[PDB]
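Next up, run.csv (CSV, C-alpha atoms and all ligand atoms):
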chain,number,residue,atom,x,y,z
Q,1,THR,CA,0.0,0.0,0.0
Q,2,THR,CA,1.1,3.6,-0.5
Q,3,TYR,CA,0.8,4.2,3.2
Q,4,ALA,CA,3.0,1.2,4.0
Q,5,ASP,CA,5.6,2.6,1.5
Q,6,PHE,CA,5.5,6.0,3.2
Q,7,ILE,CA,5.9,4.6,6.7
Q,8,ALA,CA,8.9,2.5,5.7
Q,9,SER,CA,10.6,5.5,3.9
Q,10,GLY,CA,13.3,7.8,5.2
Q,11,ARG,CA,11.2,10.9,5.2
Q,12,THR,CA,8.4,10.4,7.8
Q,13,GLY,CA,10.3,12.6,10.4
Q,14,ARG,CA,10.5,16.4,10.4
Q,15,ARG,CA,11.7,17.8,7.1
Q,16,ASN,CA,14.4,20.5,6.9
Q,17,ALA,CA,14.1,23.4,4.6
Q,18,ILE,CA,16.6,23.6,1.7
E,1,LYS,CA,-19.0,37.1,-8.9
E,2,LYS,CA,-18.2,40.4,-7.1
E,3,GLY,CA,-21.0,41.2,-4.6
E,4,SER,CA,-21.4,42.7,-1.2
E,5,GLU,CA,-19.4,39.9,0.5
E,6,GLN,CA,-16.4,40.5,-1.8
E,7,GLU,CA,-16.5,44.3,-1.2
E,8,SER,CA,-16.3,43.7,2.5
E,9,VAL,CA,-13.2,41.5,2.1
E,10,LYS,CA,-11.7,44.3,-0.1
E,11,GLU,CA,-12.4,47.0,2.5
E,12,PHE,CA,-11.0,44.8,5.3
E,13,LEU,CA,-7.8,44.2,3.4
E,14,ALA,CA,-7.4,47.9,2.6
E,15,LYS,CA,-7.4,48.8,6.3
E,16,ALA,CA,-5.1,45.9,7.0
E,17,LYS,CA,-2.6,47.2,4.5
E,18,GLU,CA,-2.6,50.7,6.0
E,19,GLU,CA,-1.7,49.2,9.4
E,20,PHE,CA,1.0,46.9,8.0
E,21,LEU,CA,2.8,49.5,6.0
E,22,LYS,CA,3.2,51.8,9.1
E,23,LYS,CA,5.1,49.1,10.9
E,24,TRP,CA,6.9,47.9,7.7
E,25,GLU,CA,8.3,51.4,7.2
E,26,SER,CA,9.2,51.9,11.0
E,27,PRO,CA,10.0,48.5,12.5
E,28,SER,CA,10.3,47.9,16.2
E,29,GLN,CA,13.8,47.1,17.5
E,30,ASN,CA,15.5,46.2,20.8
E,31,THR,CA,12.4,45.7,22.9
E,32,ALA,CA,13.7,43.3,25.5
E,33,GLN,CA,17.0,41.7,26.7
E,34,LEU,CA,18.1,38.1,27.4
E,35,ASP,CA,18.1,38.3,31.2
E,36,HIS,CA,14.4,39.3,31.2
E,37,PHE,CA,13.6,35.6,30.6
E,38,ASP,CA,14.2,32.3,32.3
E,39,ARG,CA,14.9,29.6,29.7
E,40,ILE,CA,13.0,26.4,30.3
E,41,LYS,CA,13.1,23.8,27.5
E,42,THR,CA,13.8,23.4,23.7
E,43,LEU,CA,10.6,23.2,21.6
E,44,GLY,CA,12.2,22.6,18.2
E,45,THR,CA,15.4,23.1,16.2
E,46,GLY,CA,16.5,24.4,12.8
E,47,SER,CA,19.7,25.2,10.8
E,48,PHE,CA,20.5,28.4,12.7
E,49,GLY,CA,19.5,27.5,16.3
E,50,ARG,CA,16.5,26.5,18.3
E,51,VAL,CA,13.0,27.6,19.6
E,52,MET,CA,12.9,27.6,23.4
E,53,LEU,CA,10.1,27.8,25.9
E,54,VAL,CA,10.9,30.8,28.2
E,55,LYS,CA,9.3,32.6,31.1
E,56,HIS,CA,9.2,36.4,31.2
E,57,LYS,CA,10.3,37.3,34.8
E,58,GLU,CA,8.4,40.6,35.2
E,59,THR,CA,5.0,39.2,34.1
E,60,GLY,CA,5.3,35.4,34.6
E,61,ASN,CA,4.1,35.0,31.0
E,62,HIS,CA,5.4,32.1,28.9
E,63,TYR,CA,6.8,32.7,25.4
E,64,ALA,CA,8.6,30.8,22.6
E,65,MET,CA,12.0,32.4,21.9
E,66,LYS,CA,13.7,31.6,18.5
E,67,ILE,CA,17.4,31.9,18.8
E,68,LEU,CA,19.6,32.3,15.7
E,69,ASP,CA,23.4,32.2,15.7
E,70,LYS,CA,24.6,35.1,13.6
E,71,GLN,CA,27.7,33.3,12.4
E,72,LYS,CA,25.7,30.3,11.2
E,73,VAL,CA,23.2,32.6,9.4
E,74,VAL,CA,26.1,34.2,7.5
E,75,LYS,CA,27.6,30.8,6.6
E,76,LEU,CA,24.2,29.6,5.2
E,77,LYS,CA,23.8,32.9,3.2
E,78,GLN,CA,20.6,33.7,5.1
E,79,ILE,CA,21.3,37.3,6.2
E,80,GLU,CA,18.7,39.0,4.0
E,81,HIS,CA,16.1,36.2,4.6
E,82,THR,CA,16.6,36.7,8.4
E,83,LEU,CA,16.1,40.4,8.1
E,84,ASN,CA,12.9,39.7,6.0
E,85,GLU,CA,11.7,37.3,8.7
E,86,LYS,CA,11.9,39.7,11.6
E,87,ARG,CA,10.8,42.8,9.6
E,88,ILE,CA,7.7,41.0,8.3
E,89,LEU,CA,6.7,39.3,11.6
E,90,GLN,CA,6.8,42.5,13.6
E,91,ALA,CA,4.5,44.2,11.0
E,92,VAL,CA,1.7,41.6,10.5
E,93,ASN,CA,-1.5,41.1,12.4
E,94,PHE,CA,-3.9,38.2,11.7
E,95,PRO,CA,-5.7,35.6,13.9
E,96,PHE,CA,-3.7,32.7,12.5
E,97,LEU,CA,-0.2,34.3,12.5
E,98,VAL,CA,1.9,33.9,15.6
E,99,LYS,CA,2.4,37.2,17.4
E,100,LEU,CA,5.9,38.6,17.9
E,101,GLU,CA,6.1,40.1,21.4
E,102,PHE,CA,9.8,41.2,21.6
E,103,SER,CA,13.0,41.1,19.6
E,104,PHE,CA,16.7,41.9,20.4
E,105,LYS,CA,20.2,40.8,19.7
E,106,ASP,CA,23.5,40.4,21.5
E,107,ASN,CA,27.2,39.8,20.5
E,108,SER,CA,26.4,36.3,19.2
E,109,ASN,CA,22.7,35.7,18.6
E,110,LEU,CA,19.4,37.1,17.3
E,111,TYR,CA,16.2,36.6,19.3
E,112,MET,CA,12.5,36.6,18.4
E,113,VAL,CA,10.2,36.2,21.4
E,114,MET,CA,6.7,35.0,20.3
E,115,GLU,CA,3.4,33.9,21.9
E,116,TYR,CA,3.8,30.3,23.2
E,117,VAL,CA,1.4,28.0,21.3
E,118,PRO,CA,1.1,25.0,23.6
E,119,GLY,CA,-0.8,22.5,21.5
E,120,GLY,CA,2.2,21.3,19.5
E,121,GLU,CA,2.9,21.1,15.8
E,122,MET,CA,0.2,19.8,13.4
E,123,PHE,CA,3.0,17.5,12.2
E,124,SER,CA,3.1,15.6,15.5
E,125,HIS,CA,-0.7,15.0,15.6
E,126,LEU,CA,-1.0,14.1,11.9
E,127,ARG,CA,1.8,11.5,12.1
E,128,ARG,CA,0.4,10.0,15.3
E,129,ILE,CA,-3.3,9.7,14.1
E,130,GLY,CA,-2.3,8.8,10.6
E,131,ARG,CA,-4.6,11.1,8.6
E,132,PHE,CA,-7.3,13.6,9.3
E,133,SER,CA,-10.9,13.3,8.1
E,134,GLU,CA,-11.9,15.6,5.3
E,135,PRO,CA,-14.0,17.9,7.6
E,136,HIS,CA,-11.0,18.0,9.9
E,137,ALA,CA,-8.6,18.8,7.1
E,138,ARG,CA,-11.1,21.4,5.7
E,139,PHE,CA,-11.2,23.2,9.0
E,140,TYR,CA,-7.4,23.7,9.0
E,141,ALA,CA,-7.2,24.4,5.2
E,142,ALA,CA,-9.7,27.2,5.5
E,143,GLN,CA,-7.5,29.0,8.0
E,144,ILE,CA,-4.5,28.7,5.6
E,145,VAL,CA,-6.6,30.0,2.7
E,146,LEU,CA,-7.6,33.2,4.7
E,147,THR,CA,-4.0,33.6,6.0
E,148,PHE,CA,-2.6,33.5,2.4
E,149,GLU,CA,-5.3,35.9,1.3
E,150,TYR,CA,-4.1,38.3,4.0
E,151,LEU,CA,-0.4,37.8,3.3
E,152,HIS,CA,-0.6,38.0,-0.5
E,153,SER,CA,-2.6,41.2,-0.3
E,154,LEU,CA,0.4,42.8,1.4
E,155,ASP,CA,2.6,41.6,-1.4
E,156,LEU,CA,4.1,38.9,0.9
E,157,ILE,CA,4.9,35.3,-0.2
E,158,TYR,CA,5.3,32.7,2.6
E,159,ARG,CA,7.3,29.9,0.8
E,160,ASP,CA,7.5,27.3,3.6
E,161,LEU,CA,4.0,25.8,4.2
E,162,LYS,CA,4.2,22.4,6.0
E,163,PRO,CA,2.7,20.8,9.1
E,164,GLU,CA,6.0,21.2,11.0
E,165,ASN,CA,5.3,25.0,10.9
E,166,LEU,CA,1.6,25.0,11.9
E,167,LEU,CA,1.1,25.1,15.7
E,168,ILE,CA,-2.2,24.3,17.3
E,169,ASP,CA,-3.4,26.7,20.0
E,170,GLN,CA,-5.5,26.1,23.1
E,171,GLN,CA,-8.8,26.7,21.1
E,172,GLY,CA,-7.7,24.1,18.4
E,173,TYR,CA,-6.9,26.8,15.8
E,174,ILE,CA,-3.7,27.2,13.7
E,175,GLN,CA,-0.9,29.6,14.3
E,176,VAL,CA,1.6,29.9,11.5
E,177,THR,CA,5.3,30.1,12.6
E,178,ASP,CA,8.7,30.4,10.9
E,179,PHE,CA,8.8,33.3,8.4
E,180,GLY,CA,12.4,32.5,7.5
E,181,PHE,CA,11.6,32.5,3.7
E,182,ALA,CA,8.8,35.1,3.7
E,183,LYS,CA,9.5,37.9,1.3
E,184,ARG,CA,7.8,41.2,0.3
E,185,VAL,CA,7.9,41.4,-3.5
E,186,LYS,CA,5.9,42.9,-6.3
E,187,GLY,CA,6.4,40.8,-9.5
E,188,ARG,CA,8.6,37.8,-9.6
E,189,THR,CA,11.4,36.3,-7.5
E,190,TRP,CA,14.0,33.5,-8.1
E,191,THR,CA,15.4,32.0,-4.9
E,192,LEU,CA,15.6,28.2,-4.6
E,193,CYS,CA,14.1,27.8,-1.2
E,194,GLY,CA,11.4,25.8,0.7
E,195,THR,CA,11.0,22.2,1.7
E,196,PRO,CA,11.4,19.5,-1.0
E,197,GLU,CA,8.0,17.8,-0.7
E,198,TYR,CA,6.2,21.2,-1.0
E,199,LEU,CA,8.2,22.9,-3.8
E,200,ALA,CA,6.2,24.0,-6.9
E,201,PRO,CA,7.6,22.8,-10.3
E,202,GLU,CA,8.5,26.3,-11.3
E,203,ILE,CA,10.9,26.6,-8.3
E,204,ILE,CA,12.6,23.3,-9.1
E,205,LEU,CA,13.0,24.3,-12.8
E,206,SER,CA,14.6,27.7,-11.9
E,207,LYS,CA,12.0,29.9,-13.4
E,208,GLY,CA,10.8,33.2,-12.0
E,209,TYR,CA,7.9,32.6,-9.7
E,210,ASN,CA,5.3,34.4,-7.6
E,211,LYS,CA,2.7,33.9,-4.9
E,212,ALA,CA,1.2,31.0,-7.0
E,213,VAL,CA,3.8,28.8,-5.3
E,214,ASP,CA,2.0,29.2,-2.0
E,215,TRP,CA,-1.2,27.9,-3.6
E,216,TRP,CA,0.6,24.8,-4.9
E,217,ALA,CA,1.9,24.2,-1.4
E,218,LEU,CA,-1.6,24.5,-0.1
E,219,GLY,CA,-2.5,21.6,-2.4
E,220,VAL,CA,0.4,19.5,-1.0
E,221,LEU,CA,-0.8,20.3,2.6
E,222,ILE,CA,-4.4,19.4,2.0
E,223,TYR,CA,-3.4,16.1,0.3
E,224,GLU,CA,-1.0,15.2,3.1
E,225,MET,CA,-3.6,16.1,5.8
E,226,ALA,CA,-6.3,13.9,4.2
E,227,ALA,CA,-4.1,11.0,2.9
E,228,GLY,CA,-1.5,10.8,5.7
E,229,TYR,CA,1.4,11.0,3.3
E,230,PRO,CA,2.4,13.7,0.7
E,231,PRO,CA,1.5,13.5,-3.0
E,232,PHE,CA,5.2,13.2,-4.0
E,233,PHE,CA,7.6,11.3,-1.7
E,234,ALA,CA,10.8,9.3,-2.0
E,235,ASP,CA,13.9,8.6,0.0
E,236,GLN,CA,16.1,11.2,-1.9
E,237,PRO,CA,15.1,14.8,-2.8
E,238,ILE,CA,16.1,14.4,-6.5
E,239,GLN,CA,13.5,11.6,-6.8
E,240,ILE,CA,10.9,13.9,-5.2
E,241,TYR,CA,11.6,16.6,-7.8
E,242,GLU,CA,11.2,14.2,-10.7
E,243,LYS,CA,7.7,13.3,-9.5
E,244,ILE,CA,6.7,16.9,-8.9
E,245,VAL,CA,7.7,18.0,-12.4
E,246,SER,CA,6.3,14.9,-14.2
E,247,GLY,CA,2.7,16.3,-14.2
E,248,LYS,CA,1.2,13.2,-12.6
E,249,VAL,CA,-0.6,12.8,-9.2
E,250,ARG,CA,-2.5,9.8,-7.8
E,251,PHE,CA,-5.2,10.0,-5.0
E,252,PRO,CA,-6.2,7.5,-2.3
E,253,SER,CA,-9.4,5.7,-3.1
E,254,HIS,CA,-11.1,7.3,-0.1
E,255,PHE,CA,-10.7,10.9,-1.3
E,256,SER,CA,-14.1,12.4,-2.2
E,257,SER,CA,-14.8,13.5,-5.8
E,258,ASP,CA,-14.8,17.2,-4.7
E,259,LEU,CA,-11.5,16.8,-2.9
E,260,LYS,CA,-9.8,15.3,-5.9
E,261,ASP,CA,-11.1,18.1,-8.1
E,262,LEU,CA,-9.8,20.8,-5.8
E,263,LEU,CA,-6.4,19.2,-5.6
E,264,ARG,CA,-6.2,18.8,-9.4
E,265,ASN,CA,-6.6,22.5,-9.7
E,266,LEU,CA,-4.2,23.4,-6.9
E,267,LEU,CA,-1.5,20.8,-8.0
E,268,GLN,CA,-1.6,22.2,-11.5
E,269,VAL,CA,1.8,22.6,-13.2
E,270,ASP,CA,0.3,24.9,-15.9
E,271,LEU,CA,0.3,28.4,-14.2
E,272,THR,CA,-2.5,29.6,-16.5
E,273,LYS,CA,-4.8,27.0,-14.9
E,274,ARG,CA,-3.7,26.8,-11.2
E,275,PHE,CA,-6.4,27.9,-8.7
E,276,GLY,CA,-5.4,31.0,-6.8
E,277,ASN,CA,-3.6,32.4,-9.9
E,278,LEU,CA,-6.6,32.9,-12.2
E,279,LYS,CA,-8.8,36.1,-12.8
E,280,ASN,CA,-10.9,35.2,-9.8
E,281,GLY,CA,-7.9,34.9,-7.5
E,282,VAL,CA,-8.6,33.3,-4.2
E,283,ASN,CA,-12.3,33.1,-4.9
E,284,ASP,CA,-11.9,30.1,-7.2
E,285,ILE,CA,-10.7,28.3,-4.1
E,286,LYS,CA,-13.2,29.8,-1.6
E,287,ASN,CA,-16.2,29.0,-3.9
E,288,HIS,CA,-15.1,25.4,-4.8
E,289,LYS,CA,-17.6,22.7,-3.9
E,290,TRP,CA,-15.2,21.1,-1.4
E,291,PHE,CA,-15.5,24.3,0.7
E,292,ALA,CA,-19.3,24.6,0.4
E,293,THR,CA,-19.9,24.0,4.1
E,294,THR,CA,-17.2,26.5,5.2
E,295,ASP,CA,-18.4,29.8,6.7
E,296,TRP,CA,-15.4,31.9,6.1
E,297,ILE,CA,-16.4,34.7,8.5
E,298,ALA,CA,-17.0,32.2,11.3
E,299,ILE,CA,-13.6,30.7,10.7
E,300,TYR,CA,-11.9,34.1,11.0
E,301,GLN,CA,-13.9,34.9,14.2
E,302,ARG,CA,-12.9,31.5,15.7
E,303,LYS,CA,-16.6,30.6,16.3
E,304,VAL,CA,-16.4,27.2,14.6
E,305,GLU,CA,-16.1,24.2,16.8
E,306,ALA,CA,-12.5,22.8,16.4
E,307,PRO,CA,-11.9,19.1,15.6
E,308,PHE,CA,-9.9,18.7,18.9
E,309,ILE,CA,-8.6,20.7,21.8
E,310,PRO,CA,-5.0,19.9,22.8
E,311,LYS,CA,-4.4,18.4,26.2
E,312,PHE,CA,-3.2,21.0,28.7
E,313,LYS,CA,-1.7,19.9,32.1
E,314,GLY,CA,-1.0,23.5,33.1
E,315,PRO,CA,0.9,26.7,32.3
E,316,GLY,CA,4.4,26.1,30.9
E,317,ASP,CA,3.8,22.4,30.1
E,318,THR,CA,5.4,20.9,27.0
E,319,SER,CA,3.7,17.5,26.8
E,320,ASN,CA,2.6,18.1,23.2
E,321,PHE,CA,6.2,18.6,22.0
E,322,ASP,CA,9.1,16.2,21.4
E,323,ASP,CA,12.2,16.3,23.6
E,324,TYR,CA,15.4,17.7,22.2
E,325,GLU,CA,19.0,17.8,23.4
E,326,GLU,CA,19.6,21.0,25.4
E,327,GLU,CA,22.6,23.1,24.4
E,328,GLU,CA,24.0,26.2,26.1
E,329,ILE,CA,23.3,29.7,25.0
E,330,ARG,CA,26.8,31.2,24.7
E,331,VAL,CA,27.3,34.9,24.3
E,332,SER,CA,30.8,35.8,23.1
E,333,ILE,CA,32.7,38.8,24.6
E,334,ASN,CA,33.2,40.1,21.1
E,335,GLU,CA,30.5,41.4,18.7
E,336,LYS,CA,29.9,39.2,15.7
E,337,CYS,CA,28.6,40.3,12.3
E,338,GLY,CA,27.4,43.7,13.6
E,339,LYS,CA,27.2,45.5,10.3
E,340,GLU,CA,25.4,42.6,8.6
E,341,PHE,CA,22.5,42.7,11.2
E,342,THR,CA,22.5,46.4,12.1
E,343,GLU,CA,18.8,46.8,11.3
E,344,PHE,CA,17.6,43.8,13.3
K,1,LIG,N1,7.7,26.3,17.7
K,1,LIG,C1,6.8,27.0,18.5
K,1,LIG,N2,6.2,26.3,19.5
K,1,LIG,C2,5.4,27.0,20.3
K,1,LIG,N3,5.0,28.2,20.3
K,1,LIG,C3,5.6,28.9,19.3
K,1,LIG,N4,5.5,30.2,19.0
K,1,LIG,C4,6.4,30.4,17.9
K,1,LIG,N5,7.0,29.3,17.5
K,1,LIG,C5,6.5,28.4,18.4
Would you encode the structure as structure tokens?
Amino acid sequence: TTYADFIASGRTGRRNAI
Amino acid sequence: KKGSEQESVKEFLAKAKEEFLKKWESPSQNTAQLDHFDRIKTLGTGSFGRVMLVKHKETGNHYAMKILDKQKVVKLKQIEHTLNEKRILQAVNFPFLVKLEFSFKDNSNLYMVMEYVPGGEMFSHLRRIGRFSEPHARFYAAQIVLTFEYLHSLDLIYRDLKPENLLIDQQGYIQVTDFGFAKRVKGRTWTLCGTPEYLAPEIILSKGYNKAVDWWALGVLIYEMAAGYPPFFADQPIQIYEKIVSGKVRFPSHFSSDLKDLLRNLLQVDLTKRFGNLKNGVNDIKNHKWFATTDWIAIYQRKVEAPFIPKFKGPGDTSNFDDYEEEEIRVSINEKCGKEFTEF
């Protein structure tokens, strides 16, 4: 599922600005 | 349609601009000092420093104090952006914008002391619960729509919308924080800035851009609130950018038909077709079928029942925030970067 793919990804924590 | 309701909005924004420009042209400076406050706990961090919960000694009020290291600001080439941030925040006034109470600087750091918003970041609540219902997401989205209508009328672009920056107050309403990329500009600008998941295609492709990037970012925020994940995600930023510019977006099967239609018009790569950027301006958004139940005046007046009220153990409590490693606040005996920040 797309949700499962998100939760296993490296970008579920706080995202820094560029 | 331009009727009585639209003329009231127009007159409200005209008076708001008169008040903003007075403060924009004559900014407040040096309105407190460091030893007026007891430092309590770190509420969040960023590239230049940290936001801390503090207690004002003379009143006993709690505030959130953002601390920026001047030398780190210089190394990241953020001088002008930091002057933008403070000059804009001290001049604005709107129910869903966090209030700046004091600002000052010393040999080492810059300080912005704001109202403490105790309910935590929307980010924390959204990740924990998974996703918001569409009425929940609509309640928050309406506040952002009105806040951008206000900011854009003052020729301001915000450029960093994301749940990490949206704080929930004790009434359950949003307060926007972090104006590090906000800029007052008539016409177009060119800086590559923002957060990868929220960047409009025209930013990635190094075109000139304008306030339409905020409306794209609203589309990303509404999608993420209602789905639980953003519309373009990957493990590496370059992969995110490839998805953003591709022109393709997919929706969860539980999104309503109206929600998908609104998001197709906000997440529109063609600027001649993106909602918020057409002849009707913000009213293409405010009059979309997904917002049919939204009473815009009642939202502004905070008379709508909120989806939830944050837990509150008492004054000065931080239970709605993560814990961060605490670091000293060092003030050098020599002034750093004085000329660069003389107007702060
Ligand atoms: N990060 C933050 N947390 C709480 N209140 C704030 N006011 C301004 N920024 C804040």
Using all atoms listed in the file, which residues of chain E come within 9 Å of chain Q, and what is the closest atom pair for each, with the distance in Å to one decimal? Give it as CSV, sorted by chain and residue number.
residue,atom,partner,partner_atom,distance
E:46,CA,Q:16,CA,7.4
E:47,CA,Q:16,CA,8.1
E:123,CA,Q:14,CA,7.8
E:127,CA,Q:12,CA,8.0
E:160,CA,Q:17,CA,7.7
E:162,CA,Q:15,CA,8.9
E:164,CA,Q:14,CA,6.6
E:192,CA,Q:18,CA,7.9
E:193,CA,Q:18,CA,5.7
E:194,CA,Q:17,CA,5.3
E:195,CA,Q:17,CA,4.4
E:196,CA,Q:18,CA,7.2
E:197,CA,Q:15,CA,8.6
E:227,CA,Q:3,CA,8.4
E:228,CA,Q:3,CA,7.4
E:229,CA,Q:6,CA,6.5
E:230,CA,Q:6,CA,8.7
E:233,CA,Q:6,CA,7.5
E:234,CA,Q:9,CA,7.0
E:235,CA,Q:10,CA,5.3
E:236,CA,Q:10,CA,8.4
E:252,CA,Q:2,CA,8.5
Note to self: Restricting the calculation to all atoms listed in the file: of E:218, E:226, E:114, E:213, which residue gets closest to residue 142 of chain E?
What the structure shows: E:218
Next item on the list: Within 9 Å of segment 69-82 of chain E, counting only C-alpha atoms, which residues show up once you throw out same-chain ones fewer than 2 positions away? Write them as a list in words, please.
Entry: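 What passes the distance filter is residues 47, 48, 49, 67, 84, 85, 86, 87, 107, 108, 109, 110, 179, 180, 181, 182, 183, 336, 337, 340, 341 and 344 of chain E.
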Quick one: residues within 6 Å of ligand LIG 1 (chain K), with all atoms listed in the file, as a PDB file with C-alpha atoms, in the coordinates of the input?
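out_10.pdb, written as the output of this step:
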ATOM      1  CA  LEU E  43      10.600  23.200  21.600  1.00  0.00           C
ATOM      2  CA  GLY E  44      12.200  22.600  18.200  1.00  0.00           C
ATOM      3  CA  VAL E  51      13.000  27.600  19.600  1.00  0.00           C
ATOM      4  CA  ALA E  64       8.600  30.800  22.600  1.00  0.00           C
ATOM      5  CA  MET E 114       6.700  35.000  20.300  1.00  0.00           C
ATOM      6  CA  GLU E 115       3.400  33.900  21.900  1.00  0.00           C
ATOM      7  CA  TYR E 116       3.800  30.300  23.200  1.00  0.00           C
ATOM      8  CA  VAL E 117       1.400  28.000  21.300  1.00  0.00           C
ATOM      9  CA  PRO E 118       1.100  25.000  23.600  1.00  0.00           C
ATOM     10  CA  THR E 177       5.300  30.100  12.600  1.00  0.00           C
TER      11      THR E 177
END
Item checked: Close residues, residue 307 of chain E itself excluded, 8 Å, only C-alpha atoms, min 2 positions apart in chain, as a list in words ->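 Within the cut-off, the hits are residues 136, 139, 172, 305 and 309 of chain E.
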Margin query: Could you tell me how far atom CA of residue 124 of chain E sits from atom CA of residue 282 of chain E, in Å to one decimal place?
Written below: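 Distance reported for this atom pair: 29.0 Å.
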Check: Interatomic distance between atom CA of residue 333 of chain E and atom CA of residue 106 of chain E?
Finding: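 Straight-line distance from atom CA of residue 333 of chain E to atom CA of residue 106 of chain E works out to 9.8 Å.
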Check: Mind pulling up the distance from atom CA of residue 265 of chain E to atom CA of residue 237 of chain E?
Finding: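 Between atom CA of residue 237 of chain E and atom CA of residue 265 of chain E the gap is 24.0 Å.
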Since the input lacks atoms, please generate N, CA, C and O atoms for segment 1-13 of chain Q and provide them as an mmCIF file, in the coordinates of the input.
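Contents of part38.cif, as written:
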data_model
loop_
_atom_site.group_PDB
_atom_site.id
_atom_site.type_symbol
_atom_site.label_atom_id
_atom_site.label_comp_id
_atom_site.auth_asym_id
_atom_site.auth_seq_id
_atom_site.Cartn_x
_atom_site.Cartn_y
_atom_site.Cartn_z
ATOM 1 N N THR Q 1 0.846 -1.192 0.000
ATOM 2 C CA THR Q 1 0.000 0.000 0.000
ATOM 3 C C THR Q 1 0.880 1.239 0.000
ATOM 4 O O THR Q 1 2.023 1.201 0.461
ATOM 5 N N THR Q 2 0.353 2.352 -0.512
ATOM 6 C CA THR Q 2 1.100 3.600 -0.500
ATOM 7 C C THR Q 2 1.467 4.048 0.878
ATOM 8 O O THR Q 2 2.573 4.538 1.140
ATOM 9 N N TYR Q 3 0.517 3.887 1.807
ATOM 10 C CA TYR Q 3 0.800 4.200 3.200
ATOM 11 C C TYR Q 3 1.948 3.383 3.758
ATOM 12 O O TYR Q 3 2.832 3.922 4.431
ATOM 13 N N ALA Q 4 1.943 2.059 3.525
ATOM 14 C CA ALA Q 4 3.000 1.200 4.000
ATOM 15 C C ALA Q 4 4.372 1.672 3.432
ATOM 16 O O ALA Q 4 5.395 1.690 4.130
ATOM 17 N N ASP Q 5 4.371 2.057 2.151
ATOM 18 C CA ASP Q 5 5.600 2.600 1.500
ATOM 19 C C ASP Q 5 6.061 3.865 2.157
ATOM 20 O O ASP Q 5 7.263 4.056 2.380
ATOM 21 N N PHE Q 6 5.136 4.765 2.483
ATOM 22 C CA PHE Q 6 5.500 6.000 3.200
ATOM 23 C C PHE Q 6 6.152 5.702 4.529
ATOM 24 O O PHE Q 6 7.234 6.202 4.855
ATOM 25 N N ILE Q 7 5.482 4.870 5.338
ATOM 26 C CA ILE Q 7 5.900 4.600 6.700
ATOM 27 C C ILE Q 7 7.286 3.970 6.775
ATOM 28 O O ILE Q 7 8.034 4.156 7.748
ATOM 29 N N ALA Q 8 7.644 3.191 5.752
ATOM 30 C CA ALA Q 8 8.900 2.500 5.700
ATOM 31 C C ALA Q 8 10.002 3.427 5.028
ATOM 32 O O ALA Q 8 11.162 3.009 4.924
ATOM 33 N N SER Q 9 9.629 4.620 4.587
ATOM 34 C CA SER Q 9 10.600 5.500 3.900
ATOM 35 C C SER Q 9 11.399 6.296 4.897
ATOM 36 O O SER Q 9 11.121 6.336 6.099
ATOM 37 N N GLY Q 10 12.433 6.953 4.380
ATOM 38 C CA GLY Q 10 13.300 7.800 5.200
ATOM 39 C C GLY Q 10 12.806 9.184 5.484
ATOM 40 O O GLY Q 10 13.536 9.962 6.109
ATOM 41 N N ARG Q 11 11.599 9.554 5.057
ATOM 42 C CA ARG Q 11 11.200 10.900 5.200
ATOM 43 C C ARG Q 11 9.815 11.059 5.898
ATOM 44 O O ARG Q 11 8.953 11.846 5.504
ATOM 45 N N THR Q 12 9.620 10.297 6.985
ATOM 46 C CA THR Q 12 8.400 10.400 7.800
ATOM 47 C C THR Q 12 8.691 11.328 9.060
ATOM 48 O O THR Q 12 7.736 11.632 9.786
ATOM 49 N N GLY Q 13 9.943 11.724 9.313
ATOM 50 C CA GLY Q 13 10.300 12.600 10.400
ATOM 51 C C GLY Q 13 10.199 14.088 9.901
ATOM 52 O O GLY Q 13 9.833 14.379 8.762
#
